[PDB]
Each structure stands twice: as structure tokens, then as C-alpha cells.
Amino acid sequence: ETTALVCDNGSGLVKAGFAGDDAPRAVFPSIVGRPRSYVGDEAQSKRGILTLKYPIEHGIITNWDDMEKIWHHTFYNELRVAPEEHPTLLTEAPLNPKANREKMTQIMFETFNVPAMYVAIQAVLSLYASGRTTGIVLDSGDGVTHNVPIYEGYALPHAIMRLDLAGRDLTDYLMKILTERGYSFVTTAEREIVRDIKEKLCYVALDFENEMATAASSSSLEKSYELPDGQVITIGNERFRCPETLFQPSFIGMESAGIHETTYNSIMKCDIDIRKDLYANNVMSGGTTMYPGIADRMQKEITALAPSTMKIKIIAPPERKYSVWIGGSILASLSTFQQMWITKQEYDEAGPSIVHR
Amino acid sequence: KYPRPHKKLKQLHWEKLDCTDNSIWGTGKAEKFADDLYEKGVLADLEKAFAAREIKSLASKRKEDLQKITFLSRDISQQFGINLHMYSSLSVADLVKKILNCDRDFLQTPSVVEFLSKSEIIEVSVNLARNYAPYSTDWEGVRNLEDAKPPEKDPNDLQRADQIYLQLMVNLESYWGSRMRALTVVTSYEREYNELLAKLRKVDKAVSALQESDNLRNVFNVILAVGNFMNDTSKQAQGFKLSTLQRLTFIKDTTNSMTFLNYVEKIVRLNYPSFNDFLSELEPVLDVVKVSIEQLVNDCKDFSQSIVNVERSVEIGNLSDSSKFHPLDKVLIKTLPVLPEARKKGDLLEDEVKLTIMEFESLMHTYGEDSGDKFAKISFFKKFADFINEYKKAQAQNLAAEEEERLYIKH
Ligand SMILES: Nc1ncnc2c1ncn2[C@@H]1O[C@H](COP(=O)(O)OP(=O)(O)OP(=O)(O)O)[C@@H](O)[C@H]1O
Ligand SMILES: [Ca+2]
């Protein structure tokens, strides 16, 4: 009998379950509670006393005391499995500094008698469940948004774009404007359940020089939400206002070159000979990429900057907001590849520096 | 000389220092604590506490697919298990049924449709086929599972990923290509139609805006005018080409405060501001600046002629002799149901594209673009676009510059 878990660690939301699955049989936010340890979800309803941590900043782990906490929680709690009897797939950001791939793995083998484990790049795994095994990805969940050129599971180190705008980055510019329309959103809970506007609503037009004129020349784009307090909130030209930021870095000062713009320059960084298919294969990954209406909103802008004789298929899976995790259950349910594992054995003999080779 | 534990202990992967030279190690202190802490009790537990517990090992069932034969490049064997990743749990055979037996879960996900009709996956080489012959099949006649059955050299020795390649790209070789070009049309022809026809309207209803916009025409006329008034005898002319447009901006005024295109704009709005409608009417043209019009067509000639070919195959070859159709290949039970209406819209688009191209080439012939010159054929719109914006820009500059020429006028 046999089994294998897959854990995609992220800035904002941990996301993990088992092998050959449809998605994670568990998910929560990367958050840890310690007094002036209670991790995960029962960590909001425990604010004030325990100050709150985010073991991961922009994709990269920054607090290992806590990070360890999560991986612990993850298993024994939202999985009920207890290591040892399980090979584990962990994930890591493009360009995760060797240092941590070691500190990462160590934690496992040492702290949970994990028999085997491999550490996969976040883009890449994404593009695996899109069928392809080549061409530029746009992972872009909460903390960070990377632009990763790929090619037969092989990312191009010198042509990866890392941009520091994304999830909570946006969940933020919203709260900005909602009160600029006089609202109760400043406090905390009156924020958690407000990124939420963004998730359950919040689309993106195709152009503002043509849709900001549908409430500033109209009154049909509103909508409302039922706040835990009852008092309903009516949202206006909001759903699509913030996400504009990706394309529109500026919105929060962000002097940044934009998401679609980057997929562009990025590619122009790696060789020409692959570009056709790069363009022909824009897979996209979780969070900030799955707002309704960004799929083809991208497509537009990109096909725009891009040449007029270029194939430009711009993918966007069932729920890429699990793209990377999904691909995760694939390259492992996919058995055969099993010769990419690192047995506690191999580890015990060489140690950290082995997670690498 | 060092003391040692009875059971394996949790290793301390450290990075040793080699030369002891003038360190702190070398004075043997290390050796005192050595035995000391051993007799003094200590190590005894340090032993018990960091006892490295055993390590389980399993999987196997999918491991061993390793040991079995494989004539398929890691890449491929891999990019099967990639898209056939939903059929993971199904055995090497369960799955093939579900595929020949064109389920509604397989045909629905193009990822798999597309894959399976990938030239790189279809095309088998002699050098390749050979390797698979001792395990192939013929299905000539065969109308039941158990019939055929001449395994001869057994197929089980191959890696899972290898087997599929066999029972499908090999054993149904003869027709797999067309079988797939068909199932595809089946599954695609729908949207893959609306998609074009619309792509075609964004042309037709911009090429339209140009047809009639007495406005636009007039503006040029106003330029031809000022042109001739400026140009000299040898340079007078009853009409010019679009290639003129882009060099309006260079002609500066005296005090380089004006771009000729400014006056031209100013002039309209203040003598005929009954024409600045072209900058409204003609936007639909901008909505297609980069459209490869010479390949929009061809994509349509591709649509129809593709169907007009799953047709040819149902009758005169490939997709006729239900005999080779591995008993289960429920393609026909699935093709024909739609082959009819499909082809209808196949002849539809044709008509439409006839109706359109000819029209288009006409508007072009007008301004002087030869419907037969790759370049203008497409670089056409862009000059109208370019002009417009160069203009929508001169307009601004002028409408704003005319503001500043009010305050430094009042204050
Ligand atoms: N359903 C949704 N629709 C639109 N946006 C969402 C949705 N869910 C989350 N988001 C936004 O994207 C973020 C989550 O994305 P994801 O889970 O991929 O982040 P992540 O794991 O932190 O990835 P990374 O660490 O690279 O930032 C949320 O914090 C929010 O900003
Ligand atoms: Ca992520």
C-alpha cells in the first residue's frame, strides 16, 4: 500500500494534501500565533494576545521557528497523517537561495522522520498541469508575483522576473478606496472579510478609458455584500478598480513595470528560438491571476505589446489558484519519476547539501 | 580509541576543519570529555535520546514500472503522464477504452484532445515502429476483444507510459491521425467558428466605417488642398497615397510651435468642425490594428477545408472500414452526429469570407493600395490608425495649447 503528500508553501496561504488528488484536502493561511503557539486559522480568533507572524515573505521563508510550526500543524492537524509513513513534496519560489533549500529539507528529515522528499520550483509545477512542459508562467498568488520562462521542465535562471506586487498588496489598495467612499474598513476583522470583497466579486474590464465610464457615466456596475454585522455594503466601480494595479503598478505608488508588460520584457530576456512557444504558452498561476475577467484582459494587453504575426494563446486552468499545488500531485502520483526522491538514508550520509543535486 | 553507541544515532551534519595546525582542536581536550562524559554517565542517555529511529520504505507498485522496457524518451514518457494525469488511477487498459470509447469526460478536456493529435506524438518511425512490432496488432476484421490476441512477444514488459503509445499511436496507427482530426472537429468546430466569424466582423465593421465616412475623405481633401497651395508646380497633385500621412508631423511651422498636423486639425475644427466625427466613427478600425488580415482568411480556409476533410475521410479512406477501428473506437458514433451541421457553417464562413475579402480589397484599391501586395494588404489599417492618433494627439496639443492662450491672455 502506498501514499504521498504534497505541500505547497506560500506567503499567504499554505495549501496541502495528498498525491493523485483533484486538489488539497486542506488549506489555510501562513500565520503563526505567539504571545506578547497557535497557528493556522484559529489564529485570527486569537489576535491581541499572540502577536502574528507570516513565516513566508514574498515566497521565501523568513522565520524558521514558526515555519516549522506550520509544517507541523499541516500534518498532524489538517491531514492527520504523521510523517514517517510519507514521502513529501515541498515547493519553493523561483530562485529560492540554496541556504533555505537546505534549512528547509533539514527541518523535514530531522524533525519528521520523512522517508523521502523533493523540493519543486513553484512556477514549473504550475505549468505541469496545463499539460505543457515549456513556456512562460505567471505564478502570482498573495505575497509575490514571478514571471518564469520554462522549457522542458527547465526554468531559465537569468530570465525570471520577480516583482513584489500581489495578494495582500491589492487587498490593501482596496481598503484604501472603500473608506475614501466612507466605510467601516480600517479595523482588522473589518479587513480580513474585505480582501474577501476582492475574492468573491472584483473583476477587471478590458480598458478603464472605456469602462470607468459605466458608473461615471452610469450606475449599473454596483453590487453589495452582507457584512457579518448585517449592515450591507454596496460596491460601485470597485470590483475592477484595484486588480488594475497588476497592469497598473502605480495605483499604490508602485513605480513598477506591469504584469503583462513583464511577461513581455521577461521573454525578450531569454533566447529568441523559444519565444514562439513562450508566447504560444502563457500558463498562469493562482491568486491574483484568477480574478474574473483578467484571463482575456491579459490576452488583450499582451497581444497588444506583442508583435502582429505572433501566436499568443494565453492559458488559465480550472483553478490555477491551485495550479502549482495540482501539478504538485501530478509529478508525484506520476510514480515513474520516483527517481528524483531523497531518502532519509541518502540524507543521513551527505546531509543538507544533497537536497540540491 | 573513541567510545561508541549500540544503536544508530541522530547524525550531526557538520563541516569539519582539516588542518588542526594552530586551532583549538589539537590540544586533545576533545579526547578528555570523550571518555569522561562516558564514565560520568552522560553519553549513556545522549545515546538513548538521539537514537535514530527506523525508516520505512514503500511505494514499489509504480516504482517497478522502472524495471520494465521503454523505447520512449524520458520527455515523452513524461509528457503523457502529464496530460493523461487524470487517468492516473486507471490501468493501462481501463484508460484506453475510455479513450477509444470517446467518453464525455475525455472529449471535454482539449488538453488531452490536443495532446493526442500532436504531430510529435502521432508520427511513428520505422526505427520506432520496429521496436513495437513484436507486440502490435492488426484488427483487420476483428470485431471482438478476445479475438485478435496474437501477443507473440508480450507487451507487459513495457513501461506503463510505453504501453499507451502502443495500443494507440501504433496499433490504430493507420487511422489515428484522421481519427483525431475528426474527434477534434467534433469537439471544436462550434466555438472554433463563432471565434472566426467574430474575428471577421471586427474587420467588416471597421472596413465599413471606412467605406463611408464622407468625413474622413473630406479631411484628406482639405490636406490635398493646403498641400497643393504649399507644394510647387512640379509638386501639385490631384491626389496622394497614405504613405503621405506619417510625414505630416515632420513639417514644422516657423517657430517650431506647430506640427503641420496641428494646423490641419485646428483648420478643420474652426471652419468645418463638422468633420471631427471621423475621430469617433473610425475607431472600429483601431479595434483591429494588429489583425493579420491575410491570415484571418487562411485560418478560415483552414476551418472549412479541415471539415471538408474529416468528410473526405469518412468515405474514401481512413475512416470508412469500421474493421480496423479497434472494436471500441466509438469515433463514428460520435463524428457523424455532427459532421452535417459542422460542414454547413464550413460553407457559411467561406461565403462570408468571400463576401468580405473582395469587399476589403475594394476599399483598398480605392486609396490606391493594390489588393495584391502583401504589405498594404495588411499594413493598411495601421496608417489609418497611426494617422488618427497622430491626429487625436495634435488635437489635444492644440485644444490644450489653446487653453494656455487664454490665461496668459486674461492675467
Ligand atoms: N478566489 C480568488 N479570486 C481572486 N483573487 C484571489 C482569490 N483568492 C486569493 N486571491 C488573491 O491572491 C492571493 C492568494 O494567492 P496564492 O494562494 O497563490 O498566494 P501564495 O500562496 O502566497 O503565492 P505566493 O507566495 O507566490 O504569493 C490572496 O491573498 C489574494 O490576494
Ligand atoms: Ca504560491
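These residue numbers are counts, starting from 1, taken along the chain as shown.
If you check the header, you will see the structure was determined by X-ray crystallography, 3.0 Å.
Note that Cβ sites are derived from N, Cα and C of the backbone, with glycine treated the same way.
Lifted from Swiss-Prot, the feature list:
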type	residues	note
MOD_RES	A:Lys46	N6-malonyllysine
MOD_RES	A:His58	tele-methylhistidine
MOD_RES	A:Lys69	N6-methyllysine
REGION	A:95-108	region 'Interaction with alpha-actinin'
MOD_RES	A:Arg162	ADP-ribosylarginine
REGION	A:343-355	region 'Interaction with alpha-actinin'
Point to revise | Inter-residue Cα distance where the pair is A:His58 (tele-methylhistidine) and A:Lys46 (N6-malonyllysine), in Å | key: 24
Review point. When you tally the Cβ atoms that lie within 10 Å of each candidate's Cβ, which of the modified residues (A:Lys46, A:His58, A:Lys69, A:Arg162) has the highest tally?
Key: A:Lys69
Review point. Per DSSP, A:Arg162 (ADP-ribosylarginine) is which: helix, strand or coil?
Key: strand
Check your understanding: What Cα-Cα separation, expressed in whole Å, is found between A:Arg162 (ADP-ribosylarginine) and the residue listed as 'tele-methylhistidine'?
Key -> 10
Check your understanding: Rounded to a whole number, how many Å is the Cα of A:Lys69 (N6-methyllysine) away from the Cα of A:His58 (tele-methylhistidine)?
Key -> 19
Review point. Do any of the modified residues A:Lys46, A:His58, A:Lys69, A:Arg162 touch ligand 2, in the sense that the CB is under 6 Å from one of its atoms?
Key: none
Review point. DSSP three-state call for the residue listed as 'tele-methylhistidine': helix, strand or coil?
Key: coil
Check your understanding: By DSSP, what is the split of the region 'Interaction with alpha-actinin' (A:95-108) into helix, strand and coil residues?
Key -> 11 helix, 0 strand, 3 coil
Practice item. Between A:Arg36 and A:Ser37 the chain has a hole of 12 residues; just give the Cα distance across it in whole angstrom, please. Key: 12
Practice item. Could you break down the residues of the region 'Interaction with alpha-actinin' (A:343-355) into DSSP helix, strand and coil, giving a count for each? Key: 10 helix, 1 strand, 2 coil
